[PDB]
Amino acid sequence: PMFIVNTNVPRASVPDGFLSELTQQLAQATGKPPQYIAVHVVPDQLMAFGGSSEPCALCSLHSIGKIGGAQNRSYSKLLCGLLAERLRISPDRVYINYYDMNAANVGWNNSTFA
Amino acid sequence: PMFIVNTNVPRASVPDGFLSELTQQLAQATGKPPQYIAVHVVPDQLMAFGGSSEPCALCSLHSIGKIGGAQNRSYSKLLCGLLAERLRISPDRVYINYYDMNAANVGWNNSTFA
Amino acid sequence: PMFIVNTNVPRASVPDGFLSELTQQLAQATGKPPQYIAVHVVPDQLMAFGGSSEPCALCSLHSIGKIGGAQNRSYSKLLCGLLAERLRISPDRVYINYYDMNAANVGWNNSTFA
Ligand SMILES: */C(S)=N/c1ccc(-c2c3ccc(=O)cc-3oc3cc(O)ccc23)c(C(=O)O)c1
Ligand SMILES: */C(S)=N/c1ccc(-c2c3ccc(=O)cc-3oc3cc(O)ccc23)c(C(=O)O)c1
Ligand SMILES: O=C(O)c1cc(/N=C\S)ccc1-c1c2ccc(=O)cc-2oc2cc(O)ccc12
């Protein structure tokens, strides 16, 4: 998986170990080796949700395949829970866009996963 | 809808209240309340368009329906107009990628929309 | 094409002229005029790949056509090669998401490409 979180929460409010925790939790949820997991947290953003710049997040979760999608709900509970507990963002001010990529459309190590 | 603008315009030339302006304009364009509108503006970016570092933008509009058909062109007129008038970016140095999301691929508030 | 690189390598490591280099290399690889190419480099990011904060990147290449099995493999060697040589990022710590955009779904200059 590749998980990206864009948030207006400041850098100082992102706990030490947060990328580690995302990685470990994504490994547990997908059941796939953690060595392939990419995580990206982007704090201090100029963002609003519902016209308010209270804490919010816009996220992306990319997975590689064709039959992917069934775990989206489970991921939403997991990831909203992490953003709430760690970054103090209300789950109702988070969107997570899920993208199931074709292997031929993901590059890695000089080629693609096709 | 979720609207994201990445630009090399500096933060100081982003007007005060610009997030609210985007939200309001999208509320009018959609005919739906501001409540579920998310906006994200990213200034100060290292960008080039056409080999030039004159002001430019790369944008995304994600919507669960409410796009396609003649709506993408209408959005482009609205959103290029706003970026030209407020951020002083030439419309010919803006790209906007439109994404018609499936509700099952959008997470929010611990769940997904379908 | 539109090429975006998100990386934890510092801004201070990005060579002067890297945006121009990416623009020219993309032109020659995709066969598209440099005048239409957008590049966006985002350094200093809070990222991990495989649980490690060693240099890594998450990239996107959007194109209206010119995306496919064989083309993407070639692009991956080219783009990993530039990230390795210029930014010192190992190719096995890079993902590139390729998006074949329909012209109807790309806004530009107050309108869309189709
Ligand atoms: C998150 S995106 N986890 C992840 C990343 C890469 C891979 C993986 C492949 C996925 C899908 C494929 O069709 C082929 C894959 O091949 C490899 C090959 C090597 O060497 C490493 C990883 C992948 C997975 C995965 O499911 O295997 C998961
Ligand atoms: C921008 S992304 N505006 C937005 C976001 C979500 C929703 C909305 C749904 C949209 C599409 C669906 O198929 C189902 C939706 O269900 C809900 C349910 C709840 O509780 C809140 C919002 C949505 C809208 C929308 O206009 O309804 C708009
Ligand atoms: O001509 C192209 O293949 C093209 C390539 C681009 N490169 C990266 S995203 C961007 C845009 C276009 C293009 C473009 C691409 C597809 C299409 O159907 C129509 C197009 O029309 C154009 C008109 C113009 O004045 C300028 C460019 C286009």
Side-chain angles (χ1 to χ4, degrees), chain A residues 1-3 23 26-27 29-39 49-50 58 60-68 92 95-97 99-109 111-114, chain B residues 1-3 23 26-27 29-39 49-50 58 61-67 92 95 97 99-114, chain C residues 1-3 23 26-27 29-39 49-50 58 60-67 92 95 97 99-109 111-114:
Chain A
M2 315 172 206
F3 184 55
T23 299
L26 286 167
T30 63
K32 299 300 199 194
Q35 65 201 272
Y36 305 123
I37 299 170
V39 180
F49 192 114
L58 290 177
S60 296
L61 186 70
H62 295 79
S63 310
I64 312 179
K66 64 298 191 225
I67 85 206
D92 65 6
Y95 290 141
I96 303 163
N97 284 334
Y99 305 105
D100 185 27
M101 306 294 296
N102 194 279
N105 292 328
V106 184
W108 176 68
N109 195 218
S111 189
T112 66
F113 286 116
Chain B
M2 315 171 204
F3 182 58
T23 299
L26 289 168
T30 62
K32 302 209 160 203
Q35 180 166 22
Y36 302 113
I37 301 179
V39 297
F49 184 113
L58 293 177
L61 183 64
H62 293 84
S63 189
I64 305 168
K66 274 194 115 311
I67 68 168
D92 70 1
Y95 290 145
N97 287 335
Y99 301 100
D100 187 357
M101 301 302 294
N102 199 104
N105 293 330
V106 182
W108 170 78
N109 203 198
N110 301 144
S111 191
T112 56
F113 286 118
Chain C
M2 323 172 199
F3 180 59
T23 299
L26 285 161
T30 63
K32 292 306 165 175
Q35 292 72 29
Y36 308 163
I37 300 184
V39 302
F49 193 114
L58 278 307
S60 298
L61 181 68
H62 296 81
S63 190
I64 297 168
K66 314 309 304 217
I67 296 286
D92 62 1
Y95 291 139
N97 284 327
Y99 302 95
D100 187 0
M101 302 298 297
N102 293 330
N105 302 329
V106 183
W108 173 75
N109 198 206
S111 191
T112 49
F113 286 116

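So that the names make sense, note that chain A is the first sequence line, chain B the second, and so on, each numbered from 1. Both counts, for ligands and for their atoms, begin at 1 and track the order of listing. FYI, side chains are in, hydrogens and waters are out, and symmetry mates aren't considered; it's all heavy atoms of this structure.
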* **Flag: protein heavy atom within less than 4.0 Å of atom 2 (S) of ligand 2** => yes
* List the atom of B:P33, the atom of B:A27, and the distance in Å for their closest heavy-atom pair. => C-CB, 4.5 Å
* Structure fact -> Here the pair of heavy atoms bringing A:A104 nearest to A:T112 is O-CG2, 3.7 Å
* **Beyond-backbone contact of A:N97 with B:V106, side-chain heavy atoms, under 4.5 angstrom** => yes
* Asked: C:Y95 vs A:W108 aromatic rings, parallel, tilted or perpendicular, using cut-offs 30° and 60°?
  -> tilted
* So between B:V106, B:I64, B:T30, B:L26, whose heavy atom ends up nearest atom 11 (C) of ligand 2? -> B:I64
* Structure fact -> When rounded to the nearest 0.5 Å, the distance separating NE2 of A:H62 from OG of C:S60 is 6.0 Å
* Looking at B:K32, which atoms of ligand 2 are within less than 4.0 Å of one of its heavy atoms? -> 26 (O)
* **Close side-chain approach of B:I37 and A:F49, heavy atoms under 4.5 Å** => no
* Looking only at non-hydrogen atoms, find the nearest pair between A:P1 and A:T30 and report the distance. => CG-CG2, 4.0 Å
* If you look at every heavy atom in A:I64 and A:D100, which pair is closest and at what distance? -> C-OD1, 4.0 Å
* By number and element, which atoms of ligand 2 are closer than 4.0 Å to a non-hydrogen atom of B:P1? -> 1 (C), 2 (S), 3 (N), 4 (C)
* Report, in ascending order of atom number, the atoms of ligand 1 lying under 4.0 Å from any heavy atom of A:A103. => 13 (O)
* Nearest non-hydrogen atom to atom 12 (C) of ligand 1 belongs to which of A:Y36, C:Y95, A:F113? -> A:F113
* Establish whether atom 25 (C) of ligand 1 and some protein heavy atom are separated by less than 4.0 angstrom. => no
* To do: Answer yes or no: is there a side-chain heavy-atom contact under 4.5 Å between A:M2 and A:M101?
  => no
* Structure fact -> among protein heavy atoms, the one nearest atom 20 (O) of ligand 2 is B:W108 CZ3, 3.6 Å
* Asked: Are the side chains of A:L26 and A:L61 in touch, meaning some heavy atoms are under 4.5 Å apart?
  -> yes
* Taking atom 7 (C) of ligand 1 as the reference point, report whether a protein heavy atom occurs under 4.0 Å from it. => no
Could you list each nitrogen or oxygen of ligand 3 that sits under 3.5 Å from a protein nitrogen or oxygen, with the atom names and the distance?
| unit_1 | atom_1 | unit_2 | atom_2 | d |
| --- | --- | --- | --- | --- |
| ligand 3 | 3 (O) | C:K32 | NZ | 3.1 |
| ligand 3 | 7 (N) | C:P1 | N | 2.4 |

